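Below you'll find the structure, written out as structure tokens, and then a few comments.
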Amino acid sequence: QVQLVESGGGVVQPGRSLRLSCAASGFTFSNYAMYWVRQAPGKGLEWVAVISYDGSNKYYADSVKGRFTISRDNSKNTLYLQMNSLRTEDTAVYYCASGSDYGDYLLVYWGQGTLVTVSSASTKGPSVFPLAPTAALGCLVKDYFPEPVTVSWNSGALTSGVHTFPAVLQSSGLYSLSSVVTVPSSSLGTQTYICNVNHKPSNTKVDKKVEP
Amino acid sequence: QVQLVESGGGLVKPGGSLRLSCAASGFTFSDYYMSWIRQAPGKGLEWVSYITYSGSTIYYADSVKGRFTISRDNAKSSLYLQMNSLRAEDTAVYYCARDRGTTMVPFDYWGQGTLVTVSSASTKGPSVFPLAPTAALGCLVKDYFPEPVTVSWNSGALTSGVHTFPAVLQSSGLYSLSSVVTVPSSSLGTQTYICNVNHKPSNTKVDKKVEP
Amino acid sequence: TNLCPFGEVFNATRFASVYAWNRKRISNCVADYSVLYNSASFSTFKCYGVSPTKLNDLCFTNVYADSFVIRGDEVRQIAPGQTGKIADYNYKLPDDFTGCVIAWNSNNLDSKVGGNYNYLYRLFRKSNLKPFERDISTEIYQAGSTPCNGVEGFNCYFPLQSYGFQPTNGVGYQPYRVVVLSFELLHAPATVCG
Amino acid sequence: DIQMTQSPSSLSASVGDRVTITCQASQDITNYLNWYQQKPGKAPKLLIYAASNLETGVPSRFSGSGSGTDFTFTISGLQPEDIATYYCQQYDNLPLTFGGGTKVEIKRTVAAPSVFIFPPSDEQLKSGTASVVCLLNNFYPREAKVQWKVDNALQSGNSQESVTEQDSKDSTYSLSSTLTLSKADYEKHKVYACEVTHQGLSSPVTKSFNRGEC
Amino acid sequence: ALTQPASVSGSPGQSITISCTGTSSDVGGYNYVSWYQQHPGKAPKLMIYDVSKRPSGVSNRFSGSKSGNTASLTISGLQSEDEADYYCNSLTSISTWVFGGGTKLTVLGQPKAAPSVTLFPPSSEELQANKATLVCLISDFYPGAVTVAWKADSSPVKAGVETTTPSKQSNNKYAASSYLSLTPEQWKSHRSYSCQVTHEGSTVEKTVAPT
Ligand SMILES: *[C@@H]1O[C@H](CO)[C@@H](O[C@@H]2O[C@H](CO)[C@@H](O[C@@H]3O[C@H](CO[C@H]4O[C@H](CO)[C@@H](O)[C@H](O)[C@@H]4O)[C@@H](O)[C@H](O)[C@@H]3O)[C@H](O)[C@H]2NC(C)=O)[C@H](O)[C@H]1NC(C)=O
């Protein structure tokens, strides 16, 4: 079936380089162009580059021109990216574009996309502290890096009144997240609340017992 | 109709570099060879370069090899040339010549050409002085560089009885020409006249009245 | 009692260049040309000898199908007694042409970014092309005196060159596919009707 | 690398005359040569290609021939507009080369030189120099002598001659003799006169003036 | 970049129009329109290309057009699912490429929701590290309008605030967090710090006192 699978990527430091790829299947890869589209977190899109159908012609965005190289291979049907001279602005999720039929430069099939960030921030484990005063409670996962950290109350037992807030990046470089529970004051002391914090880039288990 | 407009030029430091172009029109630019011929001021012609249709094969003159390069672009229908490590004696008017066209005929309508010089003094503009008395009129331009300088009387209102002398080199190192116009004195005090100077290397357009 | 496989011809996914123009002999059908005629998806539809409506309700004995890729500005060259690159060296309909010519915009299918280097067209020759004359020869013609020896150089490179076909071009500078019909009559009974 | 030889290097004739230019090759080249025309300032233009063929749009009065190594080009009748340098170039071997150059003038009987004299502009006097000019217009032949005389003192060594190319209608010449000096000594002197000694003249005529008068 | 409305809204069953304006060199010179739809966090999907042409699969309710240097997309019969972003695109004959911009569409079916705000004094363990980040947690507001304005005893304070763009929560409302960065001498010397939020003009007061 007409599908696309991106290679992958992760956090990187500025000024460095990185290679990205894209797996194809279900169509003649050797008879279409390829493109790459990037989208900043919570913003619009932006064209990056194009590559001709036979590794012949190239183009680049005026922002990326001079820092990127494209390369394909009709044998393995495998397209290759190479982001060089990494800049923190380039942090976005990059999408592998079709070059589909019944068309031209336009984009159709739109493989899922790999999130890649550029930030030289200190990867710090999650330190949790209670949030104690329909009274609410919470746990304080502040000054961590990178995004994200998943939370769970009582290992999948509490669900009514769970929201995720914008933990926008502190300009220092470390995020700060939390978890909430909106519960009437009648059932605050009867049952217990535990915030199961899991920082999977570091694989740590940190807990705390909050009580109003 | 079939033309061949050339790109700019002007002064270039010794050993410098410059890019020349040759826009086309009136013929499928992808069906003709190309060649570049240069002619020093008041001397014989001289073949320099010769490029085939696809940039596959390239030829240079034995005196210019290792310093010249050609290119093509079937899309823009425009031939290019970049010259590097310029010698002083390369100063000439480099034309834009096709070769062995579709039918058979060689070296067809190849056109005007652009001056290219090798010197370094300045790019100053001219100064004008009038001349008044069956008499004649004229205005004198003096101490300008570099060539050329075109002059028109009353924005080319007069076509007959006009003369322009080809400029020479002054001992200082500049050029200076002269232009005179004759007319019966019946309309001496009645009609007025101005010569229109155009020094493209400086665009210093100046006009001046001529009356006793 | 089967229809002509016009689907695989027109709706084909791959076309050959003009000098290597392809040919498919087609016969023994029940033919409905009105599905194309009234399709109104064709930027141009002309032919000479019989009108479309009158030919739809008429029987014929033999028809050929040919197709290639040309440039829009040169579409007019596909007509009897025309001149130009294609008329001289790539394709030349005879004057008493009795087939049919159709062409539509295919900028959405055949053009490609950066320039499609696939299709070709012949450039020079020692003479004019006869009717339906195919010349696949890439032989280096020699208009000089020194021997040629195959290699491409100072005398008369390949009589084969590829279009640009950039999609960013104007109307006439974009490829328009074409299918050249041929309608002939012989002593054999008419095998295609409506 | 093959050298080409044009002959001769100069030529003059009147209207209706027939002239012939010759081109001699170094090695064998069968019928591969062209003939060019370059009016001054403009760009050249093909006249005859393959040393035998007539370019379309060129007057039939041009024709030449030759084969192998020796080639010739002829002009049936001159014209007041066919005054231009002529060029030929090889057509076979990789390193193309052109001819050597040959001019073609037009011969006339004689023309009397008209004379004028022009005072320097006051604004140039404000600039601080004097560039006086003596005009000779619409005469023949191209050779002529111009002599300055300031306050009955002959002046030579600081002159400068500029001669135009011959005309196309009457095919005459014109020279603008400019004597540039500083305004200081130009004011030190008072009377100026440029004298011409031309063949067409019968006596040396001299236009003059007096500084400050005009 | 092109021109797009930063926001747009309507009622279910209505018909909306969205503007996509650029220069004349690109959108005004070619029939090279292209429109898109992108669900949150998912992969975009082609909807309209070059005039009003639709990929096989999308319903006929979509409709777009272009005039002068302006491209217009018109939806008929708004629905809850169609509430998502929309993007336009076209050719860039100056040998580059360009996208339209941003246009968030929100089909309003419910009038408005009032926020649920929670305030907590800083943890006892945070103060021991010379740190006191007063944090006020907000939830359950709609539409996406919440700003932070911490209230001291008798003077406003916004020093070192972490202001957030509202994010739609699960119950068709929004939710947000806060972090107040004042010195420990600012945290203890005050009588009672109050959390004051503004959502669609609504304000709920929550005060904290050092205990
Ligand atoms: C080459 O391929 C073409 C693409 O498959 C072939 O075209 C198909 O031929 C059929 C023959 O009848 C056409 O038929 C009808 O089309 C109408 C209109 O559909 C449109 O309207 C519906 C809404 O009713 C809309 O949803 C569509 O998107 C269209 O806008 C249908 O209503 C009929 O049921 C019937 O299908 C097709 O239109 C035509 N396809 C296209 C894309 O035009 C063509 O026949 C092939 N050529 C050969 C020689 O085989």
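Order determines the names: the first chain of the structure tokens is A, the second B, and so forth; residues in each chain are numbered 1 upward, and ligands are numbered 1 upward as they are shown.
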Residues of chain A within 8 Å of chain C, only C-alpha atoms counted, as a ChimeraX atom specification: /A:32-33,52-53,56-58,101-105
Segment 28-205 of chain D: residues DSSP assigns to strand (DSSP E or B), reported as a ChimeraX atom specification: /D:33-38,45-49,53-54,62-67,70-75,85-90,98,102,111,114-118,129-140,145-150,153-155,159-163,173-182,191-197
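The two atoms in question, atom CA of residue 7 of chain C and atom 32 (O, counted along the ligand's line) of ligand 1, are spaced 18.2 Å apart.
Comparing the minimum interatomic distances between ligand 1 and each of C:179, C:120, C:171, C:18, counting only C-alpha atoms and all ligand atoms, we find that C:179 sits nearest.
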Residue neighbourhood residue 36 of chain E, 10 Å, only C-alpha atoms, exclusion window fewer than 2 positions, as a PyMOL selection string: (chain A and resi 108) or (chain E and resi 34+38+44-49+85-89)
Exercise: residue 15 of chain A partners within 9 Å, only C-alpha atoms, chain neighbours under 3 positions left out, as a PyMOL selection string: chain A and resi 84-88
Atoms to include: C-alpha atoms. Write the selected residues as a short mmCIF file (atom, residue, chain, number, x, y, z; two decimals), in the first residue's frame.
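Once everything was written out, this is part-v2.cif:
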data_model
loop_
_atom_site.label_atom_id
_atom_site.label_comp_id
_atom_site.auth_asym_id
_atom_site.auth_seq_id
_atom_site.Cartn_x
_atom_site.Cartn_y
_atom_site.Cartn_z
CA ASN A 84 24.72 19.84 8.68
CA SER A 85 25.70 22.81 10.85
CA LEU A 86 22.82 22.20 13.24
CA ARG A 87 20.98 25.27 14.49
CA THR A 88 18.50 25.32 17.37
#
Residue contacts of residue 184 of chain A (9 Å, only C-alpha atoms) excluding same-chain residues fewer than 6 positions away, as a list in words: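 Skipping anything fewer than 6 positions along the chain leaves residues 134, 135 and 136 of chain A.
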Interatomic distance (Å, one decimal) between atom CA of residue 176 of chain B and atom CA of residue 126 of chain B: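 Between atom CA of residue 176 of chain B and atom CA of residue 126 of chain B the gap is 8.5 Å.
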Long-range neighbours of residue 138 of chain B as a PyMOL selection string, 10 Å cut-off, only C-alpha atoms, 4 positions minimum in chain: (chain B and resi 129-133+153+162-164+178-182+193-195+210) or (chain D and resi 118)
Counting only C-alpha atoms, the residue of B:30, B:73, B:8, B:150 that sits nearest residue 98 of chain B: B:30
Contacts to ligand 1 at 10 Å cut-off (only C-alpha atoms and all ligand atoms) as a PyMOL selection string: (chain C and resi 4-12+32-33+35-36+39-41) or (chain E and resi 53-60)
Long-range neighbours of segment 156-158 of chain C as a PyMOL selection string, 10 Å cut-off, only C-alpha atoms, 2 positions minimum in chain: (chain B and resi 33+52-54+56-57+100) or (chain C and resi 122-125+137-144+148+150-154+160-161)
Contact set, chain D to chain B: 10 Å, only C-alpha atoms, as a count of residues only: 54
Top pick for closest residue to chain A, considering E:169, E:183, E:196, E:70 and counting only C-alpha atoms: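 Selected residue with least distance to chain A: E:169.
The residue that comes closest to residue 80 of chain A, out of A:35, A:92, A:131, A:198 and on the basis of only C-alpha atoms, is A:35.
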Test item, helix (DSSP H, G or I) assignment across segment 2-194 of chain C, answer as a count of residues only: 25
Residue list for chain A near chain E as a PyMOL selection string, 10 Å, only C-alpha atoms: chain A and resi 42-50+59-62+95+102-103+105-113+128-140+142+161-171+176-182+210+212
One-decimal distance in Å that lies between atom CA of residue 76 of chain C and atom CA of residue 184 of chain C: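 Atom CA of residue 184 of chain C sits 23.0 Å away from atom CA of residue 76 of chain C.
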